[PDB]
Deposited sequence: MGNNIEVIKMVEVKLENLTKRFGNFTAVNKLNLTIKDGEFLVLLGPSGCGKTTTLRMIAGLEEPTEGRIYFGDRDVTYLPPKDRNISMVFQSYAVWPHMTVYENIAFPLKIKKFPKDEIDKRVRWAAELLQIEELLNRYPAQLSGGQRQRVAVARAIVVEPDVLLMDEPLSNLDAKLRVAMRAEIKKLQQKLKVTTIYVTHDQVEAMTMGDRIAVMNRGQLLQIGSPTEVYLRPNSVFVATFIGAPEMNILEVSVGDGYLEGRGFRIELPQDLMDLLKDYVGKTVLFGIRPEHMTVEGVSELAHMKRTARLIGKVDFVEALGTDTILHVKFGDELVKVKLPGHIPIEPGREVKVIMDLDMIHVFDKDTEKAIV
């Protein structure tokens, strides 16, 4: 019966020669939670997963599973199970069971198979699996060992959108049930928001932020994070903090007394507002800000209508629900939800919000 093991990553560093793949990573994965390591290629997420698995040792640092320092133990002694990417399903799931009693194997395979709802496909073969999913079999074999830490690396990279989504839900629910500490690696910001109880955004080997999808989405602490989750991406416009307003390359926004930019008056900061936190008059937000402009391009995707409006010299994207194929050239009155606005220091790109 699966346990809820807390995992600690202390001052973890990994560098191949001169290149630092992971720089002083300090992270505490809460026992039984589903943590996701989101980030672009080369950010260090995969190298961090491998070190946790034991397939790769740290250049410096320590790794804990519960109170045990597992930093220097073989991947086999860490009670873990990796999940990436001629026999029968039963055999496929029993495989990982490695000096194991048959009487025990049958109980585990029945257990796993039932959790992945594939008990009925047990006596079938791979290419024959037309009554289920070879995917679900892969997971069952993953949990059949009853690991303390479940590790996954872009497990749904090659799946048709529709199916993939189904697996996101399949996996998340299973984990919510087993309550097994899971660390999930992926570059897909949508998939991260769907599965992680908390998400750890990475870049250039560093941990930029960690928290619930709600926190990293509504309150990102920097430009990178603010733009890596949520698409269309958040609009970032360069501006100058005047009195109680902001001036852009051809526009201004009245800043209600907010104005936590008192230390940036006369200086330049980064304005931020998501396409979904804007709209157009003639289509309720407590406080708002207006700016008129002409539509430069429209993305009538049927289920959404993304507009490319020209704010002075700048160009931003506005997201409207449904199919609203307005035509380019026409002028619209953009309405900004002042409560969803963000402001980042231009140098440290750190939020000031």
- Message: Give me the ranges of the deposited sequence that have no CA atoms here, in sequence order.
- Response: 1 to 6, 92 to 97, 110 to 111, 272 to 273, 300 to 303
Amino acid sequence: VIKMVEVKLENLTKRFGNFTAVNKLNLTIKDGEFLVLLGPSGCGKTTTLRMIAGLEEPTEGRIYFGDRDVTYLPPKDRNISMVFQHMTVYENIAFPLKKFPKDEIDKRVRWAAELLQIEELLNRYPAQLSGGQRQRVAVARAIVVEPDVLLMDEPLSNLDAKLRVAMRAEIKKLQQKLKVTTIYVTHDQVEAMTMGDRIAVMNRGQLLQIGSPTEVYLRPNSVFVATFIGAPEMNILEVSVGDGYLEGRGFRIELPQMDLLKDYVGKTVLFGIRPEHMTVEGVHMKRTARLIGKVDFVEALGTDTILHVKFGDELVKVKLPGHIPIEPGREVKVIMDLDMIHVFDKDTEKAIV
From here on, numbers count along this sequence of modelled residues.
- Quick one: higher average CA temperature factor, 23 to 31 or 308 to 316? 308 to 316
- Query: Hey, which bit's got the bigger mean C-alpha B factor in the entry, 120 to 128 or 244 to 252?
  - Reply: 244 to 252
- Note on the structure: Max C-alpha B-factor within the set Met4, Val1, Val7, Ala351 falls on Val1
- Checking the entry, which one of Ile93, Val83, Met87, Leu174 has the top C-alpha B factor? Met87
- How does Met285 rank on Cα B-factor within its chain, lowest, middle or highest third? highest
- For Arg141, does the deposited CA B-factor place it in the lowest, middle or highest third of the chain? middle
- Item | Modelled-residue ranking by C-alpha temperature factor, third containing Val295 | middle
- Note on the structure: The third of the chain into which the C-alpha temperature factor of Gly66 falls is the lowest
- Message: Ranking every modelled residue in this chain by its Cα temperature factor as given in the entry, which third contains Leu270?
- Response: middle
